[PDB]
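Residues 3 to 11, 16 to 35, 48 to 72, 75 to 147, 165 to 295 in UniProt numbering are what the sequence shown spells out, letter by letter. Ideal Cβ placement from N, Cα and C applies to all residues, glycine included.
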Amino acid sequence: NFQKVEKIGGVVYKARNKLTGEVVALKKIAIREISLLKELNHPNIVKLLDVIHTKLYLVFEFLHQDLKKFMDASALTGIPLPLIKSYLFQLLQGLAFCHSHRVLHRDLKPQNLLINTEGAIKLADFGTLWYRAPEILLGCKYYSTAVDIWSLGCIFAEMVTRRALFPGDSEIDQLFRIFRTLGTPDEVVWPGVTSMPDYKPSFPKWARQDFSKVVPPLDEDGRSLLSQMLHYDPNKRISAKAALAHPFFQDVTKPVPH
Ligand SMILES: O=C(O)[C@H]1CSC(c2ccc3cccc(O)c3n2)=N1
Ligand SMILES: O=C(O)[C@H]1CSC(c2ccc3cccc(O)c3n2)=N1
């Protein structure tokens, strides 16, 4: 039925549908979540074409490559700001759509963001440590859409600087890397943080970095938006919908990537 072409990322393969000649991404691995997922159409969400239960196989549209590869390829010169802005804007549209339908992504990272030759970018693999929100790291079981905004913020910073923002090697290292940059959170900035399941009063108390240093040479509009995406308190973190109205996107366009 499907011929595997190569492994590209459960497990995901490039494959040919012999019944249609279509080239697809085939993921080899509750039904309600998938239903909701399947019914969604948006230009910035990878389309789920078919679900085959026999092991569960999810058949997705196939896209050119992922943003990780593009960023590695662009590491020498960087991604031009207009393209960064376009990608961020598009990802926020996708998230705004998902979130309005009560769908969380929860594992956003460059490897899960797929691009095409025409300037589009799409969200894929709906649910490393590097893009995990602090509330998840502190043991929150009942987290919100805000976890996706944190992750996208980390990705935004990485596109700009050509370095991962918080490349932890363990959950505690991840948390402490966050704390060393943004300051150790307290009840003032994050009411309720000290009652979180894995919060320990013995966490070292670091001061916040002046931030100027975190994503140079991003302009103040960009820094403003990023800071709103990285608020500790998930309830203060900007929503995708509001982020779309941020002045950073006043001059947004849709360039064609190299
Ligand atoms: O994990 C997933 O849900 C699936 C959605 S499609 C996808 C995927 C994952 C990696 C890919 C790499 C190159 C080109 C692609 O189309 C890729 N597609 N992963
Ligand atoms: O979550 C936020 O929006 C930011 C607002 S500033 C802030 C913060 C969080 C923790 C801090 C710890 C020591 C010194 C500081 O200035 C700190 N600042 N968190």
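(request) Sort 97, 213 and 130 by Cα distance to residue 190 and report the nearest one. (result) On the sequence shown, position 153 is the one that residue 190 refers to. Checking every option, the nearest Cα to that of residue 190 belongs to 130.
(request) Can you grab the Cα-Cα spacing for the pair residue 183 / residue 198, in whole Å? (result) Locating residue 183 in the sequence shown gives position 146, counting from the first residue. Locating residue 198 in the sequence shown gives position 161, counting from the first residue. Roughly 23 Å separates the two Cα atoms.
(request) Compute every distance between the C-beta of residue 125 and the non-hydrogen atoms of ligand 1, then say whether any falls below 7 Å. (result) Walking along the sequence shown from the start, residue 125 turns up at place 105. Not under cutoff, so the answer is no.
(request) Return the CA-CA distance between residue 271 and residue 171, expressed in angstroms with no decimal places. (result) Indexing the sequence shown from 1 puts residue 271 at position 234. Indexing the sequence shown from 1 puts residue 171 at position 134. Approximately 9 Å between the Cα atoms of the pair.
(message) Would you say the beta carbon of residue 4 is closer than 7 Å to some non-hydrogen atom of ligand 3?
(response) Ligand 3 is not among the ligands present in this structure, which contains only ligand 1 and ligand 2.
(request) Determine the direct distance from the alpha carbon of residue 289 to that of residue 279, and round the result to whole angstroms. (result) By 1-based counting over the sequence shown, the position of residue 279 is 242. By 1-based counting over the sequence shown, the position of residue 289 is 252. Each residue's Cα considered, the two are about 15 Å apart.
(message) Counting C-beta neighbours from all protein chains within 10 Å, is the total for residue 113 16 or more, i.e. buried, or is it exposed?
(response) Position 93 of the sequence shown, counting from 1, holds the residue named residue 113. Buried, since its Cβ has 16 or more Cβ neighbours within 10 Å.
(message) On the CB-based measure, 16 or more other CB atoms within 10 Å of its CB, does residue 256 come out buried or exposed?
(response) Counting from 1 along the sequence shown, the entry for residue 256 is found at position 219. Exposed: under 16 other Cβ atoms inside 10 Å.
(message) Are the CB atoms of residue 135 and residue 84 within a distance shorter than 8 Å?
(response) Numbered from 1 along the sequence shown, position 64 holds the residue referred to as residue 84. Numbered from 1 along the sequence shown, position 115 holds the residue referred to as residue 135. A contact, by the Cβ cut-off of 8 Å.
(request) Assuming residue 262 and residue 285 form a contact by the criterion Cβ under 8 Å, report the distance between their Cβ atoms to the nearest whole angstrom. (result) Along the sequence shown, read from residue 1 onward, the residue named residue 262 stands at position 225. Along the sequence shown, read from residue 1 onward, the residue named residue 285 stands at position 248. Sure, about 5 Å apart at Cβ, within 8 Å.
(request) Give the single residue among 238, 237, 244 and 207 whose Cα lies nearest to the Cα of residue 220. (result) As a position in the sequence shown, residue 220 is number 183, starting the count at 1. Checked all of 238, 237, 244 and 207; the closest Cα to residue 220 is 244.
(request) Look at the alpha carbon of residue 216 and the alpha carbon of residue 205, and state the distance between them as a whole number of angstroms. (result) Stepping through the sequence shown from its first residue, residue 216 is reached at position 179. Stepping through the sequence shown from its first residue, residue 205 is reached at position 168. Taking the straight line joining both Cα atoms gives about 12 Å.
(message) Given the structure, does residue 10 come close to ligand 1, in the sense that its CB is under 7 Å from one of the ligand's heavy atoms?
(response) Mapped onto the sequence shown, residue 10 falls at position 8. Correct: residue 10 has its Cβ closer than 7 Å to ligand 1.
(message) Quick check on this structure: which residue in 49, 181, 61 and 214 has the alpha carbon closest to the alpha carbon of residue 109?
(response) Numbered from 1 along the sequence shown, position 89 holds the residue referred to as residue 109. Ranking the options by Cα distance to residue 109, first place goes to 61.
(request) Determine the direct distance from the alpha carbon of residue 68 to that of residue 33, and round the result to whole angstroms. (result) On the sequence shown, position 27 is the one that residue 33 refers to. On the sequence shown, position 50 is the one that residue 68 refers to. Taking the straight line joining both Cα atoms gives about 11 Å.
(message) Check this for me: beta carbons of residue 52 and residue 142, under 8 Å apart or not?
(response) Position 34 of the sequence shown, counting from 1, holds the residue named residue 52. Position 122 of the sequence shown, counting from 1, holds the residue named residue 142. Contact flag unset, no.
(request) Kindly identify the DSSP beta-bridge partner or partners of residue 71. (result) Here residue 71 corresponds to residue number 53 of the sequence shown, with the count starting at 1. The partner list for residue 71 (beta bridge, DSSP) reads 76.
(request) Output the boundary residues of the beta strand (DSSP E) element that contains residue 184. (result) Walking along the sequence shown from the start, residue 184 turns up at place 147. Taken as a continuous stretch (DSSP letters only), residue 184 belongs to no beta strand (DSSP E), being part of the alpha helix (DSSP H) at 183 to 198.
(request) Select from 234, 222 and 144 the residue whose C-alpha is nearest the C-alpha of residue 246. (result) As a first step, residue 246 must be located in the sequence shown, where it is residue number 209. Ranking the options by Cα distance to residue 246, first place goes to 222.
(message) Tell me the DSSP secondary structure of residue 22 in three-state form.
(response) In the sequence shown, residue 22 corresponds to position 16, counting from 1. In this structure, residue 22 counts as strand in the three-state DSSP scheme.
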